[PDB]
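In the block that follows, a single chain appears as structure tokens, in the form deposited in one PDB entry.
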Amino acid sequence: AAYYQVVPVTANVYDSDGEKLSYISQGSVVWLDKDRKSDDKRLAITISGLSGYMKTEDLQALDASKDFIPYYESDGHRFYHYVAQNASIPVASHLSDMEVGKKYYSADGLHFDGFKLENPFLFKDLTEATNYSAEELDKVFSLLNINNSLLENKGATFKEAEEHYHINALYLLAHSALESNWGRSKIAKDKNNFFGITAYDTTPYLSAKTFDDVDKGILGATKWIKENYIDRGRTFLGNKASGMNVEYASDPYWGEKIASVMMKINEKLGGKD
């Protein structure tokens, strides 16, 4: 088979030494890499920029003519990644090399057979500040029809977090938008937790971390991302080969999803970044 799907809740990706490189989510589709040796026990695969090996035990072969395989498609304005059969995200502007409504396939979302994608927000250094002011960030809620968000009118807190921790506020808004449904998930509302941060406050089971109010949620999560990711050499969103996506999320397209929200916000606010 050319394509395999991840069966367990997560599965590891290994190098040729058997060292763990990363982990990917249930349902993720990986490509067989025909330039490297596979055997009965491990397949040479590629996913989201990462070339490595996976245990056959963790995979199911697909038939691309009846099973969903992720693909990319242009509507003539933007290029969309179908990350699931019923869900697409805009990743880039249309290029004249793209045929409208043709499905295109890629192991990294940058290299295609007839064109090359720039995904600049996917690789942007997150320690550089956004050119958007607090008042401009606050406008995004009306421009994208985001109702009932706990992050409404918190642009000033995102820009404070950026000033103090040296982390891009557009990234902070986009990450909280993707991770918490714009501060509307149950964990956002219960716990002012907009970035998916977990903690054992000694409390036996792993749970979402509690923050005392919306502002302390934004500032506290920024501190946690600075200390756990930025300060440890994860300084861009990236994919399964490099950046925050290697460790932050099993979803191979978490970084692409956040970059897509940054692209949409930047377009709505006049393209200053």
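Shifts are known only where both forms have a C-alpha. Between two forms, the rigid core is the largest collection of C-alphas that superpose within 1.5 Å. Residue numbers run from 1 along the displayed sequence.
In this entry, 201 to 209 shows the higher mean Cα temperature factor of the pair 201 to 209 and 51 to 59.
In this entry, the higher average B-factor at the C-alpha atoms falls on 115 to 123, of the pair 75 to 83 and 115 to 123. The maximum CA B-factor among the listed residues 181, 153, 193, 142, taken from the PDB record, is found at 142.
Within the listed group 226, 234, 41, 240, the record reports its top CA B-factor for 41.
In the deposited entry, the Cα temperature factor of residue 105 sits in the top third of values across the chain's modelled residues. In the PDB entry, residue 173 places in the lowest third of its chain by CA B-factor.
Among the modelled residues of its chain, residue 17 has a C-alpha B-factor that falls in the highest third, as given in the PDB entry. Split the chain's modelled residues into thirds by C-alpha temperature factor. Residue 67 is in the highest one. Sorting the modelled residues of the chain by their CA temperature factor places residue 93 in the highest third.
One more form of this protein should be noted, the form deposited in another entry, which is absent from this view; the next part is about it.
Per-residue Cα shift between this form and the one not shown after core alignment stays below 2 Å for all of 148, 142, 85, 203 except 203. Pairwise change in the other form: residue 186 and residue 203 C-alpha atoms lie closer than in the shown form, at least 3 Å. In comparison with the shown form, the Cα-Cα distance of residue 201 and residue 164 increases by at least 3 angstroms in the other form. Regions where at least three consecutive shared residues each shift by 2 Å or more at the C-alpha between this form and the one not shown, after core superposition, reduce to one span, 198 to 207.
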